[PDB]
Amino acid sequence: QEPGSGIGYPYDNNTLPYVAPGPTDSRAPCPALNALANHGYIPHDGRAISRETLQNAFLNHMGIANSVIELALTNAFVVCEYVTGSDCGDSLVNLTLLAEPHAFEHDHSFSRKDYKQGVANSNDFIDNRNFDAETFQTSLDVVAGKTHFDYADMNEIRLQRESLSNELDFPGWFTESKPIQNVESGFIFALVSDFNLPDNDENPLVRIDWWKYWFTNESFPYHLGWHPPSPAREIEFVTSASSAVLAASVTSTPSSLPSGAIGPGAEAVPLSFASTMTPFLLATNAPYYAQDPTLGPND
């Protein structure tokens, strides 16, 4: 928000306003990076981004500690090298390349379509990067009529998304990605679980309105009473939430689940790509921004 507004105080004492991305700006498949870039905590154009820039932005403006993004930074830079064909050093070329499919970006996202979702021909591809309201609604629908949800509910959401994706993607495309998605599950609990409940750290419940605001608007739900977690969330919370989601008992099993969908997931590890492998073409669509309604500087 505008620095003088005090909307982040006393959790964030140095806020910057929301500014919608322009048609030439680079945005990511990540609602967190997009919110940061929309506020200029990382470059508004989404280009040439250092590790320390990302670390400071997450820590000071989202209450996410360095430990949480250590692997994410490693993978971002592996993907940058893979896509561009050369070492990216400590300057991530842009956010858009992070939507390289079957890499860091993965199938069965909560709020994005798959790279080959619903395509009539094997060579087609679509926008697997920008926020997709319909896709997100498929996640929200699992928890319809609720204000909060728990680990078991999250497990049902990711299962619904795996089911839909496996049914709708071009035959042969769908590839399950439990370890990456469920880090991101942990991330959701880390950012938008309800810290105003007495047992948040041990039994966190996501506030659905907070989640919806963050994903739809790619800005921070201050107007709904959200603030950056304090103290900043650490990696242990995230991987614990991740394991807890996948350990949760399934009481409604979707059809067309990939094999082994139900049960624990592997620990996330650094990505690696064979030097002979040419990257898939990136979707070229202009960055998404909220239009219903459009956001002001303090939203």
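Residue numbers here begin at 1 and follow the sequence given.
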inquiry  = Comparing average C-alpha B factors as deposited, tell me which of 65 to 73 and 241 to 249 sits higher.
reply    = 241 to 249
Entry-level comparison of average CA B-factors, 87 to 95 and 113 to 121, reporting the higher stretch = 113 to 121
Residue, from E202, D209, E218, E105, that the PDB entry assigns the highest Cα B-factor = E202
Residue with highest C-alpha B-factor in the PDB entry, from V78, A144, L224, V183 = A144
request  = Could you say whether, by C-alpha temperature factor, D45 belongs to the lowest, middle or highest third of its chain?
outcome  = lowest
message = Can you tell me whether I157 has a C-alpha B-factor in the lowest, middle or highest third compared with the other modelled residues of the same chain?
response = middle
key: Record-listed C-alpha B factor of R129: chain third   = lowest
query = Of the three thirds of its chain by CA temperature factor, lowest, middle or highest, which one includes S259?
reply = highest
request  = Compare the C-alpha B factor of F195 with those of the other modelled residues in its chain, then answer lowest, middle or highest third.
outcome  = highest
